[PDB]
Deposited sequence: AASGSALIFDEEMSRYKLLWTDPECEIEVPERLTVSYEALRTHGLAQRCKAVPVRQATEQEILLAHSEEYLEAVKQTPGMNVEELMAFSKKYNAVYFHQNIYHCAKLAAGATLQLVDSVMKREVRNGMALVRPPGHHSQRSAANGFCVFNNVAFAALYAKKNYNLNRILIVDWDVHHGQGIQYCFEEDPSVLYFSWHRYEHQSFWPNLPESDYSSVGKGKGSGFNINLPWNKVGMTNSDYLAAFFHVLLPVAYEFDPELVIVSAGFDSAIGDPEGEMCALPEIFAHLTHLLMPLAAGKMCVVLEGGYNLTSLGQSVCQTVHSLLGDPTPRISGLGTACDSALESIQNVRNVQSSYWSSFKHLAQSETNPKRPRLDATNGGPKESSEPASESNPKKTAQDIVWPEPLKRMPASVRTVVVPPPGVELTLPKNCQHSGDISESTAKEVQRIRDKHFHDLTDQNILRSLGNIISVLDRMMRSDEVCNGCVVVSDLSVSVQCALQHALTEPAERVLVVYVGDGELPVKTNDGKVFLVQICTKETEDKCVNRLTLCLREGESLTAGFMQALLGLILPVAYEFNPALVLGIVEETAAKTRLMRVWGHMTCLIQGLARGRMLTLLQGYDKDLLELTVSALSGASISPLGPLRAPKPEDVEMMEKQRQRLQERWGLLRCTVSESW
């Protein structure tokens, strides 16, 4: 199974620039590339990436997306002087040409193709191409919006042709609409395009009626084009995450792509003079992480825009950090999306409900704090199997049954206070405390898994010891039907429970998911995970995640374990009751950052969707990130 992240970059793509006065275009500068690579170098990220050389896209490759007439016209620009270059530029909208830009456009496109080959040949897990010029506005026969050739559209056509892929997801999180990509694939159900973009009721460039939520694709492609217009500026982390939980991810996990390509424009970040949005660079760590379980992690990130040199470097590092598997930053202050965003979300969900049934509803001078440091743990995952069980661990895991004397005193302290004598339980309690101490009190260990015999005693000591680490908030995720010694009456704990017996939920610090039996159970769980569990978990913002499985589904445990590591900087402790060799290896693999096997194809039972929406109604006034409609004003 592949490992590593590719980083594709060449200084040659910084060797063209605007040659005449034009305040509109003067933000597209060589320094965008130099600042981003240097930021990656400064933070040690470029050094941990496999450098793959750029190459030129061939004529044949360019003709996958562009016409002979347009290519021939661009091919003449290297011979043009400044007067001729300006006249050629003015044949198009919002684009400038330079003696070297045709060369650089072939490099930008070839760089993308190199990234596609590195990932699809399993030479790396994923990667990023830092390229100029950007691509997503260019069209079959036109340059547009600083773009000459459509790098990302190339990548998907090339992956289709050379790897016979049937399903490709393109995520365009640039702040502008990538109309060139939309047009390229609008009739094509094999490529799913998602774009959010500043729109402001069509008053924002490119001013197109077909950038609205009502453009769903054409013909056999209907439903495979998803536009989310932002009709106000100032969108925040919460708006962006609401878009992912309630629009992009539900569709993406049902689509089940074989490759993911990101049109990664960071002009959607705070401080950008084009986007004027308010999302922090740290949000791109989570946008990346939330897509990484798709396609067994095969993700090709391609730079589009981003014009605030500072938010640019920081957002590039946060993305590469997540591609490398480094722990995600905690996102504080999350809540409801704003009314305009909720309107956009509700509108796209409604027009798309004919194609993704999951969307059906039943009738009625800028500054921000510098991002903290993200550092992979010395050893990522600690595993404590039952005594005398030696297993083959991934290279970033480790055993740890070695209870210290400090720990041993604490276990007796606890034993004599609250409980009796089973020296096996008492050893596991020493393991829980030692693992928790390494997880919280050091950057030495990220997360862990402990196999456990007596649940009630083990949960109590894990939870109670976690609180005094200190862990100000603890998310508990429990697969089982019991009642745990967990109190949710002070706001320090949120309890997620997936069980078989329907049990009424009172207060708003608990989410109980009772899903019916059958082959429908897998999709229902995923829909609950993306639509309920993650919105609450993210708003709750825990400092530790505590997973609990009773010996008495679980085709999704790897997906939950991966996605839930977006919380608490990836600090998750899982207690498995009883030894199950496969569930233990699955848990360890997801905790350790390995790729997740895709889920493939059966839609959820209407009783399950009713139960989940009943839970959203019950919880969304407390937890506003659950909302996917505008609230009714009294």
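- Unmodelled segments of the deposited chain, in sequence order: 365 to 398, 454 to 455, 589 to 593, 643.
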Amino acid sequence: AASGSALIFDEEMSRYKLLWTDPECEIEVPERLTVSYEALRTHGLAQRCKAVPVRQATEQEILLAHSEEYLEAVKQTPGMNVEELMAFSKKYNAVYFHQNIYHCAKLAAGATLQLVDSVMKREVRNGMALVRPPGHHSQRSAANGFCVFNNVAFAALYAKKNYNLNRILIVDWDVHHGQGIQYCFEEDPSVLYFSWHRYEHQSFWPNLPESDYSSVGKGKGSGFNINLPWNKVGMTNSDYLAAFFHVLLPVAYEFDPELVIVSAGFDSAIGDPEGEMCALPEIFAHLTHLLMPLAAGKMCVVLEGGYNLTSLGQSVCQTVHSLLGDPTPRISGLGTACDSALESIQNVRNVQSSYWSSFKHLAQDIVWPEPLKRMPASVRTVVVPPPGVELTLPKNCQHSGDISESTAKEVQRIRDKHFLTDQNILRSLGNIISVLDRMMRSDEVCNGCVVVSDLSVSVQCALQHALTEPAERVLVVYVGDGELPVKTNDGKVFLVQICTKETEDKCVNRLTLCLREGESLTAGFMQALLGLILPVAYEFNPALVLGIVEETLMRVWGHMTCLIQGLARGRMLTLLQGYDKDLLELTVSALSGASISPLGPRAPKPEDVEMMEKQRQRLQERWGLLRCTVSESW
From here on, numbers count along this sequence of modelled residues.
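Rigid core here is just the name for the largest C-alpha set that superposes within 1.5 Å across the two forms.
- When the other structures are laid on the shown form by the rigid core, the stretch among 464 to 472 and 166 to 174 with the greater C-alpha deviation in 6 other deposited structures of this protein turns out to be 464 to 472.
- For 602 to 610 versus 46 to 54, the mean Cα distance to the shown form in 6 other deposited structures of this protein after rigid core alignment is larger for 602 to 610.
- Across the other PDB entries of this protein whose models span the neighbouring residues, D416 is modelled without exception, so it is unmodelled in far fewer than a third.
- For the cut-off of one third of the other compared entries, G401 qualifies: that many or more give it no coordinates while modelling its flanks.
- Set 555 to 563 against 371 to 379 and average the Cα temperature factors; 371 to 379 ends up higher.
- A summary of the deposited B-factors shows that, of 12 to 20 and 608 to 616, the stretch with the larger mean C-alpha value is 608 to 616.
- Each of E68, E31, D582, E59 has a CA temperature factor in the record; the biggest one is found at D582.
- You'll see in the entry that, of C147, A111, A523, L291, the Cα B factor peaks at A523.
- Split the chain's modelled residues into thirds by C-alpha temperature factor. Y163 is in the middle one.
- Annotation for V477: CA B-factor lies in the middle third of the chain's modelled residues.
- When the CA B factors of the chain's modelled residues are split into thirds, the value for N350 lands in the lowest one.
- Ranked against the other modelled residues of its chain, the C-alpha B-factor of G275 as given in the entry falls in the lowest third.
- The entry lists a Cα temperature factor for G79 that places it in the lowest third of the chain's modelled residues.
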